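Listing of protein.txt, compact mmCIF, C-alpha atoms and all ligand atoms
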```
# COMPACT_ATOMS: atom_id res chain seq x y z
CA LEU A 2 -18.05 -5.30 9.32
CA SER A 3 -19.05 -1.64 8.98
CA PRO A 4 -21.17 -0.69 5.94
CA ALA A 5 -18.42 1.14 4.05
CA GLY A 6 -16.26 -1.95 4.64
CA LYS A 7 -18.68 -4.47 3.14
CA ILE A 8 -18.99 -2.36 -0.02
CA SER A 9 -15.23 -2.44 -0.60
CA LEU A 10 -14.99 -6.18 0.09
CA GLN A 11 -17.74 -7.04 -2.41
CA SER A 12 -16.33 -4.63 -5.01
CA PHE A 13 -12.75 -5.85 -4.58
CA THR A 14 -13.35 -9.61 -4.53
CA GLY A 15 -16.07 -9.14 -7.14
CA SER A 16 -13.87 -7.28 -9.61
CA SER A 17 -11.08 -9.78 -8.90
CA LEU A 18 -13.34 -12.70 -9.87
CA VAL A 19 -14.75 -11.04 -13.00
CA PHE A 20 -11.37 -10.32 -14.58
CA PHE A 21 -9.86 -13.53 -13.18
CA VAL A 22 -12.38 -15.43 -15.30
CA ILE A 23 -11.53 -13.04 -18.15
CA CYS A 24 -7.81 -13.70 -17.75
CA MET A 25 -8.45 -17.45 -17.50
CA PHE A 26 -10.42 -17.35 -20.75
CA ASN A 27 -7.73 -15.35 -22.56
CA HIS A 28 -5.09 -17.91 -21.54
CA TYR A 29 -6.74 -21.23 -22.45
CA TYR A 30 -7.53 -19.89 -25.95
CA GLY A 31 -4.10 -18.53 -26.84
CA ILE A 32 -5.24 -14.90 -26.70
CA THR A 33 -1.74 -13.42 -26.39
CA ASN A 34 -1.66 -10.06 -28.20
CA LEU A 35 -1.05 -7.08 -25.91
CA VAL A 36 -3.46 -4.68 -27.64
CA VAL A 37 -6.27 -7.26 -27.73
CA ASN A 38 -6.06 -8.08 -24.02
CA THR A 39 -5.86 -4.37 -23.17
CA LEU A 40 -9.05 -3.89 -25.19
CA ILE A 41 -10.92 -6.78 -23.55
CA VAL A 42 -10.01 -5.69 -20.01
CA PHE A 43 -10.94 -2.15 -21.05
CA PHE A 44 -14.28 -3.47 -22.32
CA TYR A 45 -15.16 -5.21 -19.05
CA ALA A 46 -13.63 -2.46 -16.92
CA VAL A 47 -16.19 -0.18 -18.56
CA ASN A 48 -18.86 -2.73 -17.65
CA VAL A 49 -17.93 -2.77 -13.96
CA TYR A 50 -18.03 1.05 -13.76
CA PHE A 51 -21.62 1.51 -14.93
CA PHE A 52 -22.92 -1.57 -13.12
CA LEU A 53 -21.41 -0.04 -9.98
CA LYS A 54 -22.48 3.57 -10.57
CA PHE A 55 -25.99 2.24 -11.19
CA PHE A 56 -26.19 0.17 -7.99
CA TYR A 57 -24.51 2.82 -5.80
CA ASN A 58 -24.90 6.52 -5.04
CA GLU A 59 -21.99 8.99 -5.08
CA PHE A 60 -20.51 7.92 -1.73
CA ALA A 61 -20.94 4.14 -1.94
CA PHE A 62 -19.79 4.21 -5.57
CA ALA A 63 -16.63 6.27 -5.06
CA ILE A 64 -16.00 3.54 -2.48
CA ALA A 65 -17.00 0.59 -4.66
CA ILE A 66 -15.26 1.65 -7.88
CA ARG A 67 -11.93 2.07 -6.07
CA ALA A 68 -12.31 -1.31 -4.34
CA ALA A 69 -12.98 -3.05 -7.66
CA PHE A 70 -10.16 -1.14 -9.38
CA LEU A 71 -7.58 -2.52 -6.94
CA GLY A 72 -9.10 -5.95 -7.52
CA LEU A 73 -8.44 -5.42 -11.23
CA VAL A 74 -4.82 -4.40 -10.62
CA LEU A 75 -4.54 -7.48 -8.41
CA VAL A 76 -5.66 -10.03 -11.01
CA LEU A 77 -3.81 -8.32 -13.86
CA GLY A 78 -0.59 -8.27 -11.83
CA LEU A 79 -0.64 -12.01 -11.17
CA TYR A 80 -1.67 -12.58 -14.79
CA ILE A 81 1.43 -10.70 -15.99
CA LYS A 82 3.69 -12.49 -13.50
CA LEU A 83 2.50 -15.85 -14.90
CA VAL A 84 2.30 -15.41 -18.70
CA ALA A 85 4.43 -12.34 -19.49
CA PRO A 86 7.99 -12.73 -20.79
CA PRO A 87 10.63 -13.34 -18.10
CA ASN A 88 11.84 -9.79 -18.84
CA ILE A 89 8.55 -8.47 -17.43
CA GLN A 90 7.24 -11.11 -14.99
CA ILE A 91 8.75 -9.06 -12.16
CA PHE A 92 6.50 -6.05 -12.80
CA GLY A 93 3.42 -8.25 -12.39
CA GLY A 94 4.12 -9.16 -8.78
CA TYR A 95 4.97 -5.52 -8.13
CA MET A 96 1.53 -4.49 -9.37
CA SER A 97 -0.11 -7.11 -7.14
CA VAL A 98 1.77 -5.92 -4.05
CA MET A 99 0.71 -2.33 -4.73
CA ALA A 100 -2.97 -3.20 -5.19
CA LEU A 101 -3.11 -5.29 -2.01
CA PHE A 102 -1.48 -2.51 0.01
CA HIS A 103 -3.89 0.19 -1.13
CA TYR A 104 -6.85 -2.10 -0.42
CA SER A 105 -5.77 -3.68 2.88
CA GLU A 106 -5.11 -0.08 3.94
CA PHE A 107 -8.77 0.89 3.60
CA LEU A 108 -10.13 -2.40 4.94
CA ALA A 109 -7.91 -2.00 8.01
CA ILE A 110 -9.29 1.49 8.65
CA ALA A 111 -12.90 0.41 8.09
CA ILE A 112 -12.50 -2.35 10.68
CA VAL A 113 -10.60 -0.57 13.45
CA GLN A 114 -12.29 2.78 12.76
CA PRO A 115 -15.58 2.41 10.84
CA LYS A 116 -16.46 5.96 11.86
CA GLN A 117 -13.98 7.80 9.62
CA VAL A 118 -13.72 5.46 6.64
CA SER A 119 -13.54 7.42 3.38
CA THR A 120 -11.90 7.44 -0.06
CA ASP A 121 -8.70 8.66 1.61
CA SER A 122 -8.53 5.39 3.55
CA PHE A 123 -8.79 3.79 0.14
CA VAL A 124 -5.97 6.33 -0.26
CA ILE A 125 -5.62 6.40 -4.02
CA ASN A 126 -2.36 8.26 -4.44
CA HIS A 127 -2.99 11.87 -5.45
CA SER A 128 -0.30 13.26 -3.13
CA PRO A 129 2.04 15.15 -5.52
CA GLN A 130 5.01 13.79 -3.55
CA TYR A 131 4.33 10.06 -3.94
CA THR A 132 2.88 10.08 -7.47
CA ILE A 133 6.12 11.46 -8.91
CA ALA A 134 8.25 9.02 -6.89
CA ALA A 135 6.01 6.07 -7.83
CA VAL A 136 5.85 6.65 -11.59
CA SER A 137 9.59 7.39 -11.59
CA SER A 138 10.42 3.83 -10.51
CA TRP A 139 8.29 2.47 -13.36
CA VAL A 140 10.12 4.47 -16.04
CA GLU A 141 13.42 3.14 -14.67
CA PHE A 142 12.33 -0.51 -14.61
CA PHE A 143 11.15 -0.49 -18.23
CA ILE A 144 14.14 1.48 -19.54
CA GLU A 145 16.47 -0.87 -17.66
CA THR A 146 14.50 -3.90 -18.86
CA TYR A 147 14.58 -2.70 -22.48
CA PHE A 148 18.32 -1.96 -22.46
CA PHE A 149 19.15 -4.57 -19.79
CA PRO A 150 16.61 -7.41 -19.89
CA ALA A 151 18.89 -9.75 -17.93
CA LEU A 152 18.73 -7.44 -14.90
CA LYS A 153 15.02 -8.24 -14.57
CA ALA A 154 15.49 -12.02 -14.93
CA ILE A 155 17.11 -12.56 -11.51
CA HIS A 156 14.02 -14.03 -9.87
CA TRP A 157 15.51 -14.96 -6.48
CA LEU A 158 16.22 -11.26 -5.87
CA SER A 159 12.73 -10.04 -6.80
CA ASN A 160 11.40 -12.76 -4.50
CA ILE A 161 13.54 -11.33 -1.70
CA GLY A 162 11.77 -8.02 -2.28
CA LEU A 163 8.44 -9.85 -2.15
CA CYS A 164 9.49 -11.21 1.25
CA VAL A 165 10.35 -7.83 2.76
CA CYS A 166 7.09 -6.48 1.32
CA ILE A 167 4.93 -9.18 2.91
CA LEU A 168 6.69 -8.70 6.25
CA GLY A 169 6.44 -4.91 6.28
CA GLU A 170 2.77 -5.42 5.48
CA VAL A 171 2.02 -7.83 8.33
CA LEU A 172 3.80 -5.51 10.76
CA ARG A 173 1.92 -2.54 9.28
CA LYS A 174 -1.54 -4.06 9.70
CA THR A 175 -0.79 -5.96 12.92
CA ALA A 176 0.18 -2.53 14.25
CA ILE A 177 -3.00 -0.87 12.95
CA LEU A 178 -5.01 -3.59 14.70
CA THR A 179 -2.98 -3.50 17.93
CA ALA A 180 -3.57 0.26 18.19
CA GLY A 181 -7.28 -0.08 17.40
CA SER A 182 -9.22 3.17 17.23
CA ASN A 183 -6.08 4.95 18.47
CA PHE A 184 -4.54 4.43 15.05
CA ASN A 185 -4.90 7.27 12.57
CA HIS A 186 -3.62 7.82 9.03
CA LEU A 187 -2.95 11.44 10.04
CA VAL A 188 -0.84 12.87 12.86
CA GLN A 189 -2.95 14.24 15.72
CA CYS A 190 -2.35 17.46 17.67
CA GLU A 191 -5.30 17.33 20.10
CA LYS A 192 -5.98 14.57 22.63
CA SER A 193 -9.10 12.42 22.44
CA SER A 194 -10.80 11.30 25.64
CA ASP A 195 -10.58 7.65 24.51
CA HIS A 196 -6.97 7.95 23.26
CA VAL A 197 -4.70 5.86 25.49
CA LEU A 198 -1.07 4.87 25.00
CA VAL A 199 -0.15 1.52 23.45
CA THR A 200 3.01 -0.35 24.45
CA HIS A 201 2.15 -4.05 24.03
CA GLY A 202 2.46 -6.32 21.01
CA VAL A 203 4.26 -4.81 18.03
CA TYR A 204 4.44 -1.46 19.84
CA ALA A 205 6.46 -3.17 22.56
CA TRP A 206 9.01 -3.75 19.78
CA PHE A 207 8.89 -0.30 18.13
CA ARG A 208 7.52 3.12 18.99
CA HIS A 209 6.35 3.37 15.35
CA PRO A 210 5.73 -0.19 14.14
CA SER A 211 3.48 0.75 11.21
CA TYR A 212 6.10 3.29 10.10
CA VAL A 213 8.64 0.46 10.25
CA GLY A 214 6.44 -1.81 8.15
CA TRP A 215 5.65 0.91 5.62
CA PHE A 216 9.35 1.83 5.48
CA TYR A 217 10.69 -1.63 4.62
CA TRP A 218 7.70 -2.43 2.40
CA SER A 219 8.42 0.66 0.30
CA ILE A 220 12.07 -0.38 -0.01
CA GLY A 221 10.94 -3.89 -0.92
CA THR A 222 8.89 -2.47 -3.79
CA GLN A 223 12.11 -1.46 -5.57
CA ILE A 224 13.83 -4.68 -4.47
CA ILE A 225 11.17 -6.55 -6.46
CA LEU A 226 11.53 -4.36 -9.56
CA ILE A 227 15.32 -4.81 -9.33
CA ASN A 228 15.77 -1.09 -9.99
CA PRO A 229 19.34 -0.22 -8.90
CA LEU A 230 18.42 3.49 -8.91
CA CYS A 231 15.07 3.54 -7.10
CA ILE A 232 16.19 1.30 -4.22
CA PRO A 233 18.47 4.01 -2.76
CA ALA A 234 16.11 6.88 -3.63
CA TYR A 235 13.11 5.18 -2.02
CA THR A 236 15.15 4.31 1.07
CA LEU A 237 16.21 7.94 1.59
CA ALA A 238 12.88 9.60 0.76
CA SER A 239 11.08 7.19 3.10
CA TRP A 240 13.69 7.74 5.83
CA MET A 241 13.47 11.55 5.92
CA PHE A 242 9.67 11.62 5.79
CA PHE A 243 9.56 9.28 8.80
CA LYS A 244 12.22 11.37 10.55
CA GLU A 245 10.22 14.60 10.42
CA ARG A 246 6.88 12.84 10.92
CA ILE A 247 8.18 10.68 13.78
CA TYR A 248 9.76 13.79 15.30
CA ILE A 249 6.67 16.02 15.42
CA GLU A 250 4.43 13.00 16.04
CA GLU A 251 6.47 12.22 19.16
CA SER A 252 6.42 15.82 20.40
CA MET A 253 2.62 15.76 20.37
CA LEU A 254 2.87 12.33 22.00
CA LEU A 255 4.95 13.95 24.75
CA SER A 256 2.31 16.57 25.54
CA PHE A 257 -0.28 13.79 25.18
CA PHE A 258 1.03 11.26 27.72
CA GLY A 259 4.01 13.13 29.24
CA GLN A 260 6.33 10.86 31.22
CA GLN A 261 4.66 7.59 30.18
CA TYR A 262 6.03 8.25 26.69
CA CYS A 263 9.33 9.64 27.99
CA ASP A 264 9.65 6.27 29.74
CA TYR A 265 8.35 4.60 26.57
CA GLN A 266 11.10 6.45 24.70
CA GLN A 267 13.72 5.16 27.14
CA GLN A 268 12.29 1.62 26.81
CA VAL A 269 11.64 1.24 23.06
CA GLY A 270 13.28 2.59 19.92
CA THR A 271 11.36 4.16 17.06
CA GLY A 272 11.93 1.09 14.85
CA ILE A 273 13.61 2.81 11.89
CA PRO A 274 17.43 3.15 11.88
CA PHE A 275 18.87 6.56 12.87
CA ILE A 276 15.52 8.16 13.83
CA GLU A 277 15.57 9.10 17.51
CA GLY A 278 12.22 10.86 17.74
CA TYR A 279 11.67 13.71 20.21
CA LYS A 280 14.30 13.58 22.96
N1 LIG B 1 2.81 4.76 20.58
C1 LIG B 1 1.58 5.23 20.39
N2 LIG B 1 0.53 4.71 21.11
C2 LIG B 1 -0.75 5.19 20.90
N3 LIG B 1 -0.98 6.19 19.98
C3 LIG B 1 0.05 6.70 19.26
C4 LIG B 1 1.35 6.23 19.45
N4 LIG B 1 2.16 6.91 18.62
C5 LIG B 1 1.42 7.79 17.91
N5 LIG B 1 0.11 7.68 18.30
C6 LIG B 1 -1.02 8.46 17.76
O1 LIG B 1 -1.38 7.89 16.52
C7 LIG B 1 -1.16 8.79 15.45
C8 LIG B 1 -0.13 8.19 14.50
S1 LIG B 1 -0.48 6.47 14.06
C9 LIG B 1 1.30 6.16 14.12
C10 LIG B 1 1.61 4.71 14.44
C11 LIG B 1 3.09 4.41 14.59
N6 LIG B 1 3.91 5.42 13.93
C12 LIG B 1 3.37 3.01 14.09
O2 LIG B 1 4.12 2.81 13.14
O3 LIG B 1 2.84 2.04 14.63
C13 LIG B 1 -0.64 10.09 16.02
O4 LIG B 1 -1.52 11.14 15.68
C14 LIG B 1 -0.58 9.89 17.52
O5 LIG B 1 -1.47 10.78 18.15
```

Take the structure from the file and write it as structure tokens.
Ligand SMILES: Nc1ncnc2c1ncn2[C@@H]1O[C@H](CSCC[C@H](N)C(=O)O)[C@@H](O)[C@H]1O
Amino acid sequence: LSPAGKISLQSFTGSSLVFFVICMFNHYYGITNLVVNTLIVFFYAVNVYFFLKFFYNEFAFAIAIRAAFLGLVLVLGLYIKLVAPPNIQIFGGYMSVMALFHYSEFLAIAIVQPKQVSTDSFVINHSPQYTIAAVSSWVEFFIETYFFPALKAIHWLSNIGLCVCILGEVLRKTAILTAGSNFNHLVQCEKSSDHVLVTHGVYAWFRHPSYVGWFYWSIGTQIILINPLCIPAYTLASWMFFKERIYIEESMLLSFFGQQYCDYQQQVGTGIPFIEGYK
């Protein structure tokens, strides 16, 4: 694929194979202490940084280091979900889901839109809104697992969350592909000359498929963690953001394609419950 896409793929799969071997080694030799493992991974994480910043300039490196980082989170998440106590095993899969999302997000953009593929398509979360909401679900899981370890041992539930996450993902990406270059991480106010309307595939089902996938995936994140507090909070925060965004995004869509979209509004719902769009 595009150049900025091959860098991420090699950095992601590469970092995921380095620390996978590391995690394999630490298992077959009974290396079980938490501070020792943290120090080994830290050791080799340092290694990957300078091997990458040596082989890459500022652009390709800020791309590579993020790719490999997610790879790290990936391997470490599965590692925790396999060898951590059953009080914690849930948080491992959660980590893995998160890493995959943030990576498959960039890779999707690099494919369908190699032109504008940056570190924001890697989309490390530095958006003051999400960061607070993300870390806040962690502090609830560990406080509820410390005081209520049993709550985090119901593995059929957390697997249900995994399910809704994988689905929301497939819909998300399958929508980013279906839309092609028309897709955009940001809402557009001016019309491109190659921007046409999409109504087939997943868009035949929803006016905002990706928003649907991202919506249920986000809810599934807290269904995995079995956080009784973050599940409702995430559902509401996600809902309102997609209400405003879907609203304005549809208004611009109305001045974009006029009646085609007014007909598309009469023919397909937004995809999220209780969001009408721009009527
Ligand atoms: N139905 C549609 N067909 C083609 N382009 C669309 C579209 N809806 C929004 N867009 C454009 O793509 C950008 C948002 S991408 C939004 C995708 C959609 N919410 C989903 O979940 O699948 C907006 O700037 C808009 O200009």

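Take the candidates A:142, A:85, A:171, A:203 and check each one against residue 35 (chain A) using only C-alpha atoms; the shortest distance goes to A:85.
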
Counting all atoms listed in the file, which residues of chain A sit at most 8 Å from some atom of ligand LIG 1 (chain B), and what is each one's closest atom pair with its distance in Å to one decimal, listed by chain and rising residue number, as CSV?
```
residue,atom,partner,partner_atom,distance
A:173,CA,B:LIG1,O2,7.0
A:176,CA,B:LIG1,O3,5.3
A:177,CA,B:LIG1,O3,6.7
A:180,CA,B:LIG1,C2,6.3
A:183,CA,B:LIG1,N3,5.5
A:184,CA,B:LIG1,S1,4.7
A:185,CA,B:LIG1,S1,4.7
A:186,CA,B:LIG1,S1,6.1
A:187,CA,B:LIG1,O4,5.8
A:188,CA,B:LIG1,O4,3.4
A:189,CA,B:LIG1,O4,3.4
A:190,CA,B:LIG1,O4,6.7
A:191,CA,B:LIG1,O5,7.8
A:192,CA,B:LIG1,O5,7.4
A:196,CA,B:LIG1,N3,7.1
A:197,CA,B:LIG1,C2,6.1
A:198,CA,B:LIG1,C2,4.1
A:199,CA,B:LIG1,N2,4.0
A:200,CA,B:LIG1,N1,6.4
A:203,CA,B:LIG1,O3,7.8
A:204,CA,B:LIG1,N1,6.5
A:207,CA,B:LIG1,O3,7.4
A:208,CA,B:LIG1,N1,5.2
A:209,CA,B:LIG1,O2,3.2
A:210,CA,B:LIG1,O2,3.5
A:211,CA,B:LIG1,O2,2.9
A:212,CA,B:LIG1,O2,3.7
A:213,CA,B:LIG1,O2,5.9
A:214,CA,B:LIG1,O2,7.2
A:215,CA,B:LIG1,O2,7.9
A:247,CA,B:LIG1,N6,6.8
A:250,CA,B:LIG1,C13,5.8
A:251,CA,B:LIG1,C5,6.8
A:253,CA,B:LIG1,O5,6.8
A:254,CA,B:LIG1,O5,6.0
A:257,CA,B:LIG1,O5,7.7
A:262,CA,B:LIG1,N1,7.7
```

Taking the point (-17.5, -1.8, 5.2) as given in the file, collect each protein or nucleic acid residue that comes within 9 Å of it, counting all atoms listed in the file, and present the set as a ChimeraX atom specification. /A:2-10,108,111-112,115,118

Interatomic distance between CA of residue 165 (chain A) and CA of residue 18 (chain A)?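 Straight-line distance from CA of residue 165 (chain A) to CA of residue 18 (chain A) works out to 27.3 Å.
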
Pick the closest to residue 164 (chain A) from A:225, A:100, A:53, A:263: which is it, counting only C-alpha atoms?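 Closest to residue 164 (chain A) of all the choices is A:225.
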
For CA of residue 61 (chain A) and CA of residue 106 (chain A), quote the distance in Å rounded to one decimal. 17.4 Å

Please provide the set of residues having any atom within 12 Å of residue 275 (chain A), restricted to all atoms listed in the file, with same-chain residues fewer than 6 positions apart removed, written as a ChimeraX atom specification. /A:237,240-241,243-244,247-248

To one decimal in Å, tell me the separation between CA of residue 67 (chain A) and CA of residue 13 (chain A).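 We find that CA of residue 67 (chain A) and CA of residue 13 (chain A) lie 8.1 Å from each other.
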